[PDB]
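One chain comes next, on its own, written out as structure tokens in the form deposited in one PDB entry.
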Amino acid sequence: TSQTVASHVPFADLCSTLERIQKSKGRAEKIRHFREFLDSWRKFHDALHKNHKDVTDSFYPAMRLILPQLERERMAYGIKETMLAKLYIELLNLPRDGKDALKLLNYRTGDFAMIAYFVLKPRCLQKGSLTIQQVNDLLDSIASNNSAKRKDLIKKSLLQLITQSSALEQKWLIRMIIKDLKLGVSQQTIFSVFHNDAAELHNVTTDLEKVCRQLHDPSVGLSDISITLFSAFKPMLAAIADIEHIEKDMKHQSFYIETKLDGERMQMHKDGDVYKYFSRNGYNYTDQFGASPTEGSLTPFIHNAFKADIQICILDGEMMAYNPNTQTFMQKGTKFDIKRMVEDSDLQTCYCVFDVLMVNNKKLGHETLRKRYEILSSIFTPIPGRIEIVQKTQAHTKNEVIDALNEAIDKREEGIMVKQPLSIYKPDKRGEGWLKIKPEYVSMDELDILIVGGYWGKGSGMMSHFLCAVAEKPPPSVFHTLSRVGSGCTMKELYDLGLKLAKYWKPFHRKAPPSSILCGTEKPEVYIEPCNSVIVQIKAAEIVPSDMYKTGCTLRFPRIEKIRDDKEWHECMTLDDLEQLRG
């Protein structure tokens, strides 16, 4: 009658197993102790359910305490080490000014659980009373009441966990709440011991419960473990690659160079008017983006972009904040508050899709990437700034990838992606088919130089690039150009700077140039008098020889990091400085 194994196993039996494992020296011994607990569970299960029919009961109530980091059903506990300290100080009735109280309070980073254990052990002699199931009920209570900001009920659930458990169970309970058990055995090892297929399964369903239920019998595997509709799969990952080796790395055959967006990795699951969104760690973001075309920040706007033949699909991409007025994606690192601006409709959510894993009743994971891309084009018609196919192009040249990387950094992207056209989709696997390339930046990151010129181009107009200079050391009235740098308004402060500078630009005349600003072959469309301009902080990979600038050199992969409006124009970097820097 709805019976469960967890309802018969003392949490104490779980914690003694954990203790034995943690205290065990070698991998083999650690594994042994786990197999022993597991096997008892499985044999008891068979006994408990021999007569029972169609049972959903499994190792899950234990599994989730053993791998607390993978809990997805329960929301956050919201319990601080310092909050426990206080509860424990009051409850154990410690001298409020004594070493024990203070050691719990002033705890920083011996985990807290151990410090707590050594205070508890002399004082808390009770034998434990709770089943694994009851521990789960109480943890559920904490999470649920956390979500509701019902602090008092939270205390009461905790007080039932503590006063009902032994000292040793509390040490483990604390680790289960912090979600760091410190067993000295990887979660990969845990899955391997549980079932040959546990890890593969977990990668395409970020769900311990399904993993435990479906693989409850060790001696029967699953085949064609695959991405399935409404199951969070772990994203495929890009490995770092040095530019020098790329041609080899892409197997000396054609490859894709795709835009690298720094957003939130999000997967979209679609069946009709029903949508689910999962983040990279397998959390549900459907409340924000929209379950149905009538709800949320995205779904109502993209629902009708899906072509007529499309009833079911699974997409992988990045959520970006798009600025409609400048047609620009906003970078994560800004002084400004992106989520609020998206909620205030100053920015909007844009889904940039680079992959598709299922279309209708058809699984795509084991298709060539090239085939997947073809299919992607058929999935939906893009709407700029809401749902888009990430831009890609074919290439086979190390040369072509530097071009890509140069233009990427120029447009204030932070790198590029390189992908094998024949590669298949491999959940949670890093590298393999996908590489990422970024500049080799050298910590040179604090180049503070003056804006002396600008270039109009794409976007609202607003400027696409700045020309920057260093100061000639005065006995500052003369500057020497050093580099063009991308100006795109990927952060509002660059946009605000533009409005600040607007009234100061002056037409640059090659045949009658200003004296305060000395140029190489690179001339700006407009310039600005130095006393009217602003220092920007520039990150660069290196300084290289160049006749385009007066300094006789320029910056490789430059990028504005900060607007240093906290420094007067005359605080500019000098040639003398730059010379010293090159060494």
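The first residue of the shown sequence is 1; numbering continues from there. In this text, the rigid core denotes the largest set of C-alpha atoms whose superposition between the two forms falls within 1.5 Å.
The protein also exists as the form deposited in another entry; that form is not presented, and the subsequent description refers to it.
S.K.: State which of the options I257, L215, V485, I142 undergoes a Cα shift of 2 Å or more between this form and the one not shown, taking the core as fixed.
M.R.: Comparing both forms, the shifted residue turns out to be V485.
S.K.: On a core-based superposition, does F278 travel 2 Å or more at its Cα between this form and the one not shown?
M.R.: For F278, whose C-alpha is compared between this form and the one not shown after core superposition, the shift is less than 2 Å.
S.K.: With both forms fit on the core, is the shift of the CA atom of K426 between this form and the one not shown 2 Å or larger?
M.R.: Not so; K426 is displaced by less than 2 Å.
S.K.: Is there a C-alpha shift of 2 Å or more at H33 between this form and the one not shown once the rigid core is superposed?
M.R.: No; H33 is a residue whose C-alpha shifts by less than 2 Å between this form and the one not shown when the cores are overlaid.
S.K.: Given a change of 3 Å or more, say if the Cα atoms of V452 and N323 sit closer or farther in the other entry than in this form.
M.R.: The answer is farther, because the C-alphas of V452 and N323 separate from each other in the other entry by 3 Å or more.
S.K.: Between the shown chain and the other structure, the Cα gap of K335 to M320 differs by 3 Å or more. Is it closer or farther in the other entry?
M.R.: They are closer; the C-alpha distance drops by 3 Å or more in the other entry.
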